[PDB]
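Have a look at upload_4.cif; it's mmCIF, C-alpha atoms:
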data_run
loop_
_atom_site.label_atom_id
_atom_site.label_comp_id
_atom_site.auth_asym_id
_atom_site.auth_seq_id
_atom_site.Cartn_x
_atom_site.Cartn_y
_atom_site.Cartn_z
CA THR A 3 0.00 0.00 0.00
CA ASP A 4 1.10 3.57 -0.83
CA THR A 5 2.60 5.84 1.85
CA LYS A 6 3.08 8.81 -0.49
CA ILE A 7 0.79 11.81 -0.82
CA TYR A 8 0.85 13.60 -4.15
CA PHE A 9 0.64 17.22 -5.25
CA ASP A 10 -0.33 18.39 -8.73
CA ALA A 11 2.16 21.21 -9.24
CA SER A 12 1.48 21.40 -12.99
CA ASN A 13 -2.13 22.60 -13.25
CA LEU A 14 -1.94 25.78 -11.20
CA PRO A 15 -3.44 29.25 -11.05
CA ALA A 16 -1.62 31.58 -13.46
CA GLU A 17 0.05 33.47 -10.58
CA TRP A 18 2.02 30.36 -9.57
CA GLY A 19 4.02 30.53 -12.79
CA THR A 20 5.78 27.29 -13.60
CA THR A 21 6.96 25.12 -10.74
CA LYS A 22 10.66 24.68 -10.07
CA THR A 23 10.71 22.86 -6.70
CA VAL A 24 7.99 21.62 -4.34
CA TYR A 25 7.80 21.45 -0.54
CA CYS A 26 5.43 19.83 1.95
CA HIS A 27 4.92 21.35 5.42
CA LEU A 28 3.14 18.64 7.42
CA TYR A 29 2.07 18.92 11.06
CA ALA A 30 -0.07 17.10 13.60
CA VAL A 31 -3.55 18.27 14.59
CA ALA A 32 -4.79 15.59 16.98
CA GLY A 33 -3.89 12.12 18.16
CA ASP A 34 -0.20 12.49 17.28
CA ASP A 35 2.87 14.67 17.76
CA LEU A 36 5.30 15.62 15.04
CA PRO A 37 8.40 17.81 15.25
CA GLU A 38 8.38 21.11 13.39
CA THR A 39 10.05 20.95 10.02
CA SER A 40 11.74 23.99 8.40
CA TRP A 41 9.74 25.95 5.81
CA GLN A 42 11.10 24.79 2.41
CA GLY A 43 14.00 22.91 3.95
CA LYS A 44 15.58 19.59 3.06
CA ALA A 45 13.04 17.65 5.10
CA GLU A 46 10.10 19.22 3.26
CA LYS A 47 11.35 18.88 -0.31
CA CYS A 48 9.30 16.69 -2.63
CA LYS A 49 10.45 14.75 -5.68
CA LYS A 50 8.68 14.59 -9.06
CA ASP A 51 7.24 11.22 -10.08
CA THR A 52 8.37 10.97 -13.69
CA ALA A 53 5.62 8.46 -14.56
CA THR A 54 2.77 10.81 -13.65
CA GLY A 55 4.41 14.22 -13.39
CA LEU A 56 3.06 14.57 -9.82
CA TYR A 57 5.25 15.62 -6.93
CA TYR A 58 5.15 13.45 -3.83
CA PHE A 59 5.97 13.45 -0.14
CA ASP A 60 6.55 10.04 1.45
CA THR A 61 4.97 10.00 4.90
CA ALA A 62 6.95 6.86 5.80
CA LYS A 63 10.08 9.06 5.94
CA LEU A 64 8.77 11.26 8.77
CA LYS A 65 11.01 11.44 11.85
CA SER A 66 10.09 12.03 15.49
CA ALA A 67 11.76 14.53 17.83
CA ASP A 68 14.52 12.04 18.69
CA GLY A 69 15.42 11.70 15.00
CA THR A 70 14.03 8.15 14.90
CA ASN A 71 11.60 7.04 12.22
CA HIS A 72 8.06 7.99 13.21
CA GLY A 73 6.32 5.00 11.62
CA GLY A 74 4.04 7.00 9.30
CA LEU A 75 0.60 8.45 9.88
CA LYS A 76 -1.34 6.95 12.77
CA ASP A 77 -4.86 5.65 12.90
CA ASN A 78 -7.10 7.95 14.92
CA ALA A 79 -4.87 10.96 14.18
CA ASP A 80 -5.51 14.22 12.32
CA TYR A 81 -2.81 16.10 10.40
CA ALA A 82 -2.62 19.06 8.06
CA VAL A 83 -0.29 20.14 5.26
CA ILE A 84 0.71 23.18 3.28
CA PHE A 85 2.19 22.45 -0.12
CA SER A 86 4.49 25.22 -1.31
CA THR A 87 6.42 25.78 -4.53
CA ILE A 88 9.30 27.90 -5.65
CA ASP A 89 8.63 28.80 -9.28
CA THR A 90 11.15 29.08 -12.11
CA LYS A 91 11.69 32.78 -11.32
CA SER A 92 12.29 31.99 -7.61
CA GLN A 93 8.98 33.28 -6.25
CA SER A 94 7.39 31.29 -3.42
CA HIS A 95 3.76 30.10 -3.56
CA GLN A 96 1.66 28.00 -1.17
CA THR A 97 -1.70 26.31 -0.78
CA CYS A 98 -4.06 26.92 2.10
CA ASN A 99 -3.82 24.51 5.02
CA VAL A 100 -5.29 21.16 3.93
CA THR A 101 -6.36 18.47 6.36
CA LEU A 102 -4.77 15.06 6.08
CA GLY A 103 -5.42 11.58 7.49
CA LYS A 104 -4.44 8.02 6.76
CA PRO A 105 -7.28 7.56 4.19
CA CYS A 106 -5.55 10.24 2.05
CA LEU A 107 -2.43 8.10 1.55
CA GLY A 108 -1.95 7.55 -2.17
CA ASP A 109 -4.28 10.46 -3.06
CA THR A 110 -3.48 13.78 -4.72
CA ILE A 111 -3.86 17.42 -3.71
CA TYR A 112 -4.73 19.84 -6.52
CA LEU A 113 -5.50 23.55 -6.72
CA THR A 114 -9.21 24.07 -7.31
CA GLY A 115 -8.92 27.63 -8.57
CA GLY A 116 -10.98 28.77 -5.59
CA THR A 117 -9.91 30.49 -2.37
CA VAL A 118 -10.54 30.32 1.36
CA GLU A 119 -10.46 32.98 4.05
CA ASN A 120 -7.03 33.61 5.57
CA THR A 121 -7.26 32.94 9.32
CA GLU A 122 -4.93 35.83 10.25
CA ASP A 123 -6.46 38.56 8.08
CA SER A 124 -10.05 38.25 6.84
CA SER A 125 -9.38 40.76 4.08
CA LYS A 126 -6.97 38.23 2.51
CA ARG A 127 -7.44 34.88 0.74
CA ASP A 128 -5.46 31.64 0.55
CA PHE A 129 -5.42 29.45 -2.56
CA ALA A 130 -7.90 26.59 -2.13
CA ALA A 131 -6.56 23.05 -2.57
CA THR A 132 -8.13 19.70 -1.83
CA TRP A 133 -7.97 15.96 -2.43
CA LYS A 134 -8.98 14.29 -5.66
CA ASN A 135 -10.63 11.26 -4.01
CA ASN A 136 -10.96 12.27 -0.34
CA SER A 137 -12.50 15.76 -0.56
CA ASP A 138 -15.65 14.65 1.26
CA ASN A 139 -13.73 14.11 4.51
CA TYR A 140 -10.45 16.03 4.13
CA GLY A 141 -9.74 19.35 2.51
CA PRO A 142 -9.10 23.01 3.27
CA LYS A 143 -8.69 23.26 7.03
CA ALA A 144 -11.80 24.78 8.59
CA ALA A 145 -10.72 26.94 11.52
CA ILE A 146 -12.12 29.18 14.24
CA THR A 147 -10.14 32.41 14.13
CA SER A 148 -8.88 34.91 16.70
CA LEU A 149 -11.84 37.11 15.73
CA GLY A 150 -14.38 34.31 16.16
CA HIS A 151 -14.80 33.58 12.45
CA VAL A 152 -15.51 30.05 11.23
CA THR A 153 -13.72 29.51 7.91
CA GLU A 154 -14.79 27.18 5.11
CA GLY A 155 -13.47 23.63 4.86
CA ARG A 156 -13.34 20.24 6.55
CA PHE A 157 -13.07 19.69 10.25
CA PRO A 158 -10.70 17.26 11.97
CA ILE A 159 -11.91 13.69 12.20
CA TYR A 160 -10.73 12.66 15.68
CA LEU A 161 -11.48 15.96 17.43
CA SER A 162 -15.10 16.73 18.26
CA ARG A 163 -17.00 19.82 17.22
CA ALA A 164 -17.41 20.81 20.87
CA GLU A 165 -13.69 20.28 21.53
CA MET A 166 -12.79 22.52 18.60
CA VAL A 167 -14.98 25.34 19.94
CA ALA A 168 -13.39 24.94 23.39
CA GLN A 169 -9.91 25.11 21.83
CA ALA A 170 -10.91 28.38 20.16
CA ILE A 171 -12.08 29.86 23.47
CA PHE A 172 -8.83 28.69 25.08
CA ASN A 173 -6.66 30.31 22.41
CA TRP A 174 -8.57 33.54 21.82
CA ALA A 175 -11.20 34.40 24.44
CA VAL A 176 -8.94 36.34 26.81
CA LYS A 177 -6.79 38.06 24.19
CA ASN A 178 -9.75 39.05 21.96
CA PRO A 179 -12.46 39.72 24.55
CA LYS A 180 -14.40 41.90 22.25
CA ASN A 181 -14.81 39.30 19.54
CA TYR A 182 -15.49 36.45 22.00
CA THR A 183 -18.83 37.57 23.38
CA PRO A 184 -21.68 35.26 24.41
CA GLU A 185 -23.48 35.91 21.13
CA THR A 186 -20.47 35.31 18.88
CA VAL A 187 -19.55 32.17 20.82
CA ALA A 188 -23.22 31.23 20.48
CA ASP A 189 -22.96 31.59 16.70
CA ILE A 190 -19.66 29.70 16.67
CA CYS A 191 -21.32 26.64 18.23
CA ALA A 192 -24.25 26.85 15.81
CA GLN A 193 -22.10 27.04 12.67
CA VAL A 194 -19.71 24.36 13.96
CA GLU A 195 -22.53 22.19 15.41
CA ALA A 196 -21.37 22.12 19.04
CA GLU A 197 -23.74 22.09 21.98
CA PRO A 198 -22.64 24.77 24.49
CA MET A 199 -22.79 22.39 27.46
CA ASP A 200 -20.68 19.91 25.48
CA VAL A 201 -18.18 22.69 24.80
CA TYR A 202 -18.07 23.58 28.50
CA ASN A 203 -17.49 19.97 29.54
CA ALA A 204 -14.88 19.54 26.81
CA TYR A 205 -13.11 22.72 27.94
CA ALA A 206 -12.98 21.56 31.56
CA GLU A 207 -11.44 18.26 30.43
CA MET A 208 -8.94 19.41 27.79
CA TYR A 209 -7.60 22.28 29.93
CA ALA A 210 -7.50 20.84 33.44
CA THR A 211 -3.73 21.40 33.62
CA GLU A 212 -4.17 24.99 32.44
CA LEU A 213 -7.17 25.97 34.56
CA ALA A 214 -5.31 24.76 37.67
CA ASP A 215 -3.43 28.03 38.25
CA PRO A 216 -4.12 31.30 36.40
CA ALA A 217 -0.63 32.76 36.85
CA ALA A 218 0.78 30.03 34.60
CA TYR A 219 -1.80 30.55 31.80
CA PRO A 220 -3.27 34.07 31.85
CA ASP A 221 -4.62 33.59 28.30
CA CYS A 222 -6.70 30.58 29.42
CA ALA A 223 -10.19 31.74 30.37
CA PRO A 224 -11.35 30.28 33.72
CA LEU A 225 -14.47 28.15 33.74
CA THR A 226 -16.61 30.99 35.12
CA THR A 227 -15.60 32.96 32.03
CA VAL A 228 -16.40 29.97 29.83
CA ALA A 229 -19.83 29.21 31.28
CA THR A 230 -20.94 32.81 30.76
CA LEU A 231 -19.55 32.90 27.21
CA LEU A 232 -21.50 29.71 26.45
CA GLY A 233 -24.57 30.81 28.40
CA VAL A 234 -24.32 27.57 30.38
CA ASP A 235 -24.85 26.72 34.05
CA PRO A 236 -22.19 24.34 35.46
CA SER A 237 -24.83 23.78 38.17
#

Once you've parsed the file, please lay out its structure as structure tokens.
Amino acid sequence: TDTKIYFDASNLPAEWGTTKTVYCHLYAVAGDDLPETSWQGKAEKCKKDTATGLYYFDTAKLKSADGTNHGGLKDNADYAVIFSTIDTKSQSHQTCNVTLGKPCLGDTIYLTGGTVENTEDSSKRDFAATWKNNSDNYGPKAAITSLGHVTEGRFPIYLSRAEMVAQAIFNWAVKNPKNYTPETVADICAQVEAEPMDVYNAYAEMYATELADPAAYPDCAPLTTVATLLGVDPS
């Protein structure tokens, strides 16, 4: 069975020019831990499959923090990738974040010609890319942003909708108080399909270490903050 994931770096938006070299920035989302690779470094560089013309990244060659072989993608784990290119005039280009799981092994990412909302700046777009045969379950990484936006795409498989909302409160609620109001959080759950009480319970579980002492994690909203934001009653 195939451990490579493929990238079509030939049929691209006009702005990408003509591809010279291809890179794959792959990271863990849930159920696994991967070390950070270097943007467009040795570890990320893909080779062209002469048979098909597709570039590929072999997940079996991933290494863990200790430098040992990771053993590939895990069952019950979520990942994400950015494919980037350097074109023949040395300009960098990159896809949006695309979700990735074991069922994608052997499949191909292509540019759709569409865009998705950039999670850092809602006035900007990323180039949309998705899977040829797995787009129903993996694709552009849906995200909840620092401003409380819910961007288009696929959600992680092994992370619940309530847990994703709680993660967003954890990351953003204290630092962006004015975007994380009870009514925006309310709309976040509705668009993401998370029941507020489920979010509250998920929050309490996923951030028990962090809620323990505030001085260690000022940016982690205490449960009293979370209940009110969710309109819930821990009672």

Exercise for review: With the file shown as input, list the residues that the PyMOL selection byres ((chain A and resi 152) around 12) selects, as a PyMOL selection string.
Suggested key: chain A and resi 118-121+124+143-151+153-157+163+166-167+170+186-187+189-195

Point to revise | Protein, DNA and RNA residues within 10 Å of (8.7, 18.0, 4.0), all atoms listed in the file, as an NGL selection string | key: :A and (24-29 or 38-48 or 58-61 or 63-64 or 83-86)

Rows by chain and residue number, range 46-92 of chain A within 7 Å of range 10-20 of chain A, shortest pair, all atoms listed in the file, as CSV:
residue,atom,partner,partner_atom,distance
A:56,CA,A:10,CA,5.2
A:57,CA,A:10,CA,6.5
A:89,CA,A:20,CA,5.4
A:90,CA,A:20,CA,5.9

Practice item. Would you kindly translate the PyMOL selection byres ((chain A and resi 130) around 7) into the concrete residues it picks from this file, as a VMD selection string? Key: chain A and resid 97 to 98 113 to 118 128 to 129 131 to 132 142

What does the file look like for those residues with C-alpha atoms, as a short mmCIF file (atom, residue, chain, number, x, y, z; two decimals), keeping the file's coordinate frame?
data_model
loop_
_atom_site.label_atom_id
_atom_site.label_comp_id
_atom_site.auth_asym_id
_atom_site.auth_seq_id
_atom_site.Cartn_x
_atom_site.Cartn_y
_atom_site.Cartn_z
CA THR A 97 -1.70 26.31 -0.78
CA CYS A 98 -4.06 26.92 2.10
CA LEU A 113 -5.50 23.55 -6.72
CA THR A 114 -9.21 24.07 -7.31
CA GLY A 115 -8.92 27.63 -8.57
CA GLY A 116 -10.98 28.77 -5.59
CA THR A 117 -9.91 30.49 -2.37
CA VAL A 118 -10.54 30.32 1.36
CA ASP A 128 -5.46 31.64 0.55
CA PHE A 129 -5.42 29.45 -2.56
CA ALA A 131 -6.56 23.05 -2.57
CA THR A 132 -8.13 19.70 -1.83
CA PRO A 142 -9.10 23.01 3.27
#

Check your understanding: What is the CA of residue 162 in chain A-CA of residue 235 in chain A distance in Å, reported with one decimal?
Key -> 21.1 Å

**Study point:** Selected residue, from A:68, A:207, A:35, A:51, that lies nearest to residue 81 in chain A when counting only C-alpha atoms
**Key:**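 That would be A:35, the residue with the smallest distance to residue 81 in chain A.
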
Review point. With all atoms listed in the file as the atoms that count, which of A:165, A:135, A:231, A:80 lies nearest to residue 196 in chain A?
Key: A:165

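Put simply, CA of residue 109 in chain A is 6.1 Å away from CA of residue 8 in chain A.
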
**Study point:** Nearby residues (all atoms listed in the file) at most 12 Å from range 213-225 of chain A, same-chain spacing under 5 positions excluded, as JSON, numbers by chain
**Key:** {"A": [168, 169, 170, 171, 172, 173, 174, 175, 176, 177, 178, 179, 182, 199, 201, 202, 203, 204, 205, 206, 207, 208, 230, 231, 232, 233, 234, 235, 236]}

Practice item. Tell me, as number ranges by chain, which residues lie within 10 Å of residue 107 in chain A, counting all atoms listed in the file; anything in the same chain fewer than 2 positions away does not count. Key: A: 3-8, 60-61, 75, 102-105, 109-110, 136

Practice item. Have a look at CA of residue 111 in chain A and CA of residue 138 in chain A and let me know their distance in Å, one decimal. Key: 13.1 Å

Point to revise | Which of A:66, A:92, A:23, A:139 sits closest to residue 49 in chain A [using all atoms listed in the file] | key: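 So, comparing all the options, the nearest one is A:23.
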
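Using all atoms listed in the file, the shortest contact distance between residue 94 in chain A and any of A:127, A:180, A:22, A:65 is found at A:22.
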
Supply range 202-216 of chain A as a PDB file, in the coordinates of the input, with N, CA, C and O atoms built in where the input has gaps.
ATOM      1  N   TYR A 202     -18.499  23.333  27.126  1.00  0.00           N
ATOM      2  CA  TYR A 202     -18.070  23.580  28.500  1.00  0.00           C
ATOM      3  C   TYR A 202     -17.402  22.344  29.089  1.00  0.00           C
ATOM      4  O   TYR A 202     -16.292  22.418  29.632  1.00  0.00           O
ATOM      5  N   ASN A 203     -18.070  21.197  28.996  1.00  0.00           N
ATOM      6  CA  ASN A 203     -17.490  19.970  29.540  1.00  0.00           C
ATOM      7  C   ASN A 203     -16.180  19.634  28.845  1.00  0.00           C
ATOM      8  O   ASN A 203     -15.203  19.262  29.505  1.00  0.00           O
ATOM      9  N   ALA A 204     -16.123  19.790  27.520  1.00  0.00           N
ATOM     10  CA  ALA A 204     -14.880  19.540  26.810  1.00  0.00           C
ATOM     11  C   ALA A 204     -13.770  20.458  27.306  1.00  0.00           C
ATOM     12  O   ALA A 204     -12.658  20.005  27.602  1.00  0.00           O
ATOM     13  N   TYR A 205     -14.057  21.760  27.389  1.00  0.00           N
ATOM     14  CA  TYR A 205     -13.110  22.720  27.940  1.00  0.00           C
ATOM     15  C   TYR A 205     -12.551  22.262  29.285  1.00  0.00           C
ATOM     16  O   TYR A 205     -11.333  22.182  29.481  1.00  0.00           O
ATOM     17  N   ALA A 206     -13.439  21.983  30.241  1.00  0.00           N
ATOM     18  CA  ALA A 206     -12.980  21.560  31.560  1.00  0.00           C
ATOM     19  C   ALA A 206     -12.022  20.375  31.459  1.00  0.00           C
ATOM     20  O   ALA A 206     -11.031  20.306  32.194  1.00  0.00           O
ATOM     21  N   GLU A 207     -12.282  19.449  30.535  1.00  0.00           N
ATOM     22  CA  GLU A 207     -11.440  18.260  30.430  1.00  0.00           C
ATOM     23  C   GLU A 207     -10.110  18.570  29.760  1.00  0.00           C
ATOM     24  O   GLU A 207      -9.041  18.263  30.305  1.00  0.00           O
ATOM     25  N   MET A 208     -10.152  19.191  28.576  1.00  0.00           N
ATOM     26  CA  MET A 208      -8.940  19.410  27.790  1.00  0.00           C
ATOM     27  C   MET A 208      -7.964  20.372  28.454  1.00  0.00           C
ATOM     28  O   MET A 208      -6.768  20.324  28.150  1.00  0.00           O
ATOM     29  N   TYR A 209      -8.438  21.249  29.331  1.00  0.00           N
ATOM     30  CA  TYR A 209      -7.600  22.280  29.930  1.00  0.00           C
ATOM     31  C   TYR A 209      -7.634  22.206  31.447  1.00  0.00           C
ATOM     32  O   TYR A 209      -7.696  23.226  32.137  1.00  0.00           O
ATOM     33  N   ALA A 210      -7.588  20.987  31.993  1.00  0.00           N
ATOM     34  CA  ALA A 210      -7.500  20.840  33.440  1.00  0.00           C
ATOM     35  C   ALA A 210      -6.143  21.308  33.954  1.00  0.00           C
ATOM     36  O   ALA A 210      -6.056  22.000  34.975  1.00  0.00           O
ATOM     37  N   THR A 211      -5.065  20.930  33.259  1.00  0.00           N
ATOM     38  CA  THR A 211      -3.730  21.400  33.620  1.00  0.00           C
ATOM     39  C   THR A 211      -3.683  22.921  33.638  1.00  0.00           C
ATOM     40  O   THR A 211      -3.118  23.532  34.555  1.00  0.00           O
ATOM     41  N   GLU A 212      -4.286  23.544  32.620  1.00  0.00           N
ATOM     42  CA  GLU A 212      -4.170  24.990  32.440  1.00  0.00           C
ATOM     43  C   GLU A 212      -5.066  25.764  33.392  1.00  0.00           C
ATOM     44  O   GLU A 212      -4.649  26.793  33.938  1.00  0.00           O
ATOM     45  N   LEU A 213      -6.295  25.292  33.615  1.00  0.00           N
ATOM     46  CA  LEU A 213      -7.170  25.970  34.560  1.00  0.00           C
ATOM     47  C   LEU A 213      -6.637  25.931  35.987  1.00  0.00           C
ATOM     48  O   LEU A 213      -7.030  26.768  36.804  1.00  0.00           O
ATOM     49  N   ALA A 214      -5.730  24.994  36.292  1.00  0.00           N
ATOM     50  CA  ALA A 214      -5.310  24.760  37.670  1.00  0.00           C
ATOM     51  C   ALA A 214      -4.835  26.036  38.357  1.00  0.00           C
ATOM     52  O   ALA A 214      -5.270  26.359  39.469  1.00  0.00           O
ATOM     53  N   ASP A 215      -3.927  26.769  37.715  1.00  0.00           N
ATOM     54  CA  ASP A 215      -3.430  28.030  38.250  1.00  0.00           C
ATOM     55  C   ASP A 215      -3.504  29.084  37.156  1.00  0.00           C
ATOM     56  O   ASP A 215      -3.051  28.841  36.023  1.00  0.00           O
ATOM     57  N   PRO A 216      -4.066  30.263  37.438  1.00  0.00           N
ATOM     58  CA  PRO A 216      -4.120  31.300  36.400  1.00  0.00           C
ATOM     59  C   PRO A 216      -2.763  31.890  36.071  1.00  0.00           C
ATOM     60  O   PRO A 216      -2.479  32.154  34.896  1.00  0.00           O
TER      61      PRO A 216
END
